[PDB]
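**Q** One structure follows; several queries about it will come next.
Cβ sites come from the backbone with ideal geometry, for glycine too, and all protein chains shown count toward neighbours. We did not get these values from a lab; they are worked out from the coordinates using the rules stated.
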Amino acid sequence: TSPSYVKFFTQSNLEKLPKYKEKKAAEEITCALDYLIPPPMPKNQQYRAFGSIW
Amino acid sequence: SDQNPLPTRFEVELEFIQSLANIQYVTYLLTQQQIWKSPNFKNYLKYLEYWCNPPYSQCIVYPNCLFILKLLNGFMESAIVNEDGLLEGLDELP
């Protein structure tokens, strides 16, 4: 199956997103709209790819 | 023994976007009935294009997934959805 987060991706939340993004400019999840915003990059660069697999 | 904590959202989305690198799996998805009723899944896959850019893209080990993701997305816009969930343009295939 797909990640649980899909459930938040409704056209309603999508519409409210632009405004939410501004207010915020004024793990840390506090509401559903936070899931429509990509997670932050970890500090450990072990998350950087060692190579490519085709 | 082998055990570690459950994954993060970052960790989960990275694991997920990358499995789209395998065509059999991507196929299993487009031939789901439920996921195409609601724009949820379609909207989610467009959100995931955040990996297509740095610093995210530097984390991808399976590069085919980013191309397939982009195609899959463009397909969706023009894609005509049946009334059940069946994606119209694919009904014919095996």
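Quick grid of which residues meet (1) surrounded by 12 or more Cβ atoms within 10 Å (Cβ to Cβ); (2) more than 7 Å from every other protein chain (Cβ to nearest Cβ); (3) part of a loop (DSSP other than H, G, I, E, B); (4) over 16 Å from the mean Cα position of the chain (by Cα):
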| position | (1), (2), (3), (4) |
| --- | --- |
| A:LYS7 | yes, no, no, no |
| A:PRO42 | yes, no, yes, no |
| A:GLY51 | no, no, yes, yes |
| A:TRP54 | no, no, yes, yes |
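**Q** Go through (1) charged (D, E, K, R); (2) more than 9 Å from chain A (Cβ to nearest Cβ); (3) closer than 20 Å to A:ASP34 by Cβ for B:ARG9 and report which single condition fails.
**A** Checking B:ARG9 against (1) charged (D, E, K, R); (2) more than 9 Å from chain A (Cβ to nearest Cβ); (3) closer than 20 Å to A:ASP34 by Cβ, the one that fails is (2).
Here is a yes/no grid of residues against (1) within 11 Å of another protein chain (Cβ to nearest Cβ); (2) under 20 Å from A:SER52 (Cβ atoms); (3) of a type in the set (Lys, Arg):
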{"position": "B:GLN32", "(1), (2), (3)": "yes, no, no"}
{"position": "B:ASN43", "(1), (2), (3)": "yes, no, no"}
{"position": "B:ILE60", "(1), (2), (3)": "yes, yes, no"}
{"position": "B:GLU77", "(1), (2), (3)": "no, no, no"}
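**Q** For A:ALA26, are the conditions met, namely being assigned to a loop (DSSP other than H, G, I, E, B), at the interface with another protein chain (Cβ under 9 Å from one of its Cβ atoms), aliphatic (A, V, I, L, M) and over 18 Å from B:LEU45 (Cα atoms)?
**A** Values: assigned to a loop (DSSP other than H, G, I, E, B): yes; at the interface with another protein chain (Cβ under 9 Å from one of its Cβ atoms): no; aliphatic (A, V, I, L, M): yes; over 18 Å from B:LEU45 (Cα atoms): yes.
Criteria not met by A:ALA26.
**Q** Sticking with this structure for a sec: Does A:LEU33 qualify as being assigned to a helix (DSSP H, G or I), facing chain B (nearest Cβ under 7 Å) and either within 21 Å of B:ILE60 (Cα to Cα) or not β-branched (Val, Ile, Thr) (or both)? Please lay out each step first, then the result.
**A** On the way: assigned to a helix (DSSP H, G or I): yes; facing chain B (nearest Cβ under 7 Å): no; either within 21 Å of B:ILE60 (Cα to Cα) or not β-branched (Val, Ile, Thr) (or both): yes.
Criteria not met by A:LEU33.
**Q** Do any helices (runs of 4 or more DSSP H) entirely within segment B:22-92 hold 3 or more residues that are β-branched (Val, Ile, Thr), and if so, which?
**A** Because the criterion is at least 3 residues that are β-branched (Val, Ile, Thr), the helices (runs of 4 or more DSSP H) in segment B:22-92 that meet it are B:23-30.
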